[PDB]
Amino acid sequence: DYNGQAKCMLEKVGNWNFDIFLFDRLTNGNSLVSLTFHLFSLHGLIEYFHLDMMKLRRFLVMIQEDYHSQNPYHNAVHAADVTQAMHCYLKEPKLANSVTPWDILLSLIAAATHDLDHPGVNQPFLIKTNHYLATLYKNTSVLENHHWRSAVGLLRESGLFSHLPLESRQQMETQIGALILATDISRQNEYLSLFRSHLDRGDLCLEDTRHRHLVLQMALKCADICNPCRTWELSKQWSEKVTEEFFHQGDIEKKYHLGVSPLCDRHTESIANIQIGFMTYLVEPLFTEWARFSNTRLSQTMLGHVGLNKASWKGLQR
């Protein structure tokens, strides 16, 4: 019964108002696997790369279960959402008309795994608590590097692409890594500035692999923080979950005298002030530039929701 209603939702998987929460409820927490598997079929990746469907399900399942379902925000549901948003961007004219099956393949996988095995606390927390991951990656894109090497781990263990040449598997790993590392919010000014320069010069050539992947990296960055770009009802749920996770890190910091990180203090920081600032300083600048690149209706819609949703947070004050 429930698994019959899920199929129908996937018919509108390219819709910006797709309800990922419902989809995950109907599938019993199998949204990432169910949605990503469908996208592989939909983009014809199974045939294109002679994929063993048994190996594909195993791989997708290893990914989904490697997410901590206990994190209120960084879990497989969040991954599924980013993956779904990525799919809508790939449908945009300028990308649809230049990406190769291979690009779509790396895009979807990178989206599905960009927060793999996320611990639920940020980088500065891992650094000041001397977490081995911070040591391993020399306090640089600690989380993103961890998500990527984990992805490379599941890629190898699944043997999904064992029939492809080594060189190809290695490139797949390198390009997925470049896509995942671009999601390190900490380095957005560098990524946004570069993108902006190119949009000003108007020199981007989409038939060039490098330029095309810079764009794909910006699309992944968008997908990762497009929560405020969704309809209020969806955006509201994400705002509460990300804030809940932030506050939990804060409670731990307070309890163990580690110093309460910014945005993580439930006593001195409002969920509204957090969302407003986030939308004003990180979401809006990014999507404006993206709108300069992909000047379509989806871009207007997305910036539109950010406008409405933000006012609603201000409204929810005084």
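The first residue of the shown sequence is 1; numbering continues from there.
Across the two stretches, 78 to 86 and 198 to 206, the PDB entry reports the greater mean Cα temperature factor for 198 to 206. Higher mean CA temperature factor between 47 to 55 and 270 to 278: 270 to 278, per the PDB entry. For the set 103, 144, 233, 173, the PDB entry puts the maximum C-alpha B factor at 233. Out of 224, 190, 117, 184, it is 190 whose C-alpha atom has the highest B-factor in the PDB entry. Among all modelled residues in this chain, the alpha-carbon of residue 70 has a temperature factor (C-alpha) in the highest third. For residue 250, the recorded CA B-factor ranks within the lowest third of the chain. Only modelled residues enter the ranking.
When all modelled residues of the chain are sorted by CA temperature factor, residue 132 is found within the highest third.
Split the chain's modelled residues into thirds by C-alpha temperature factor. Residue 261 is in the highest one.
When all modelled residues of the chain are sorted by CA temperature factor, residue 41 is found within the middle third.
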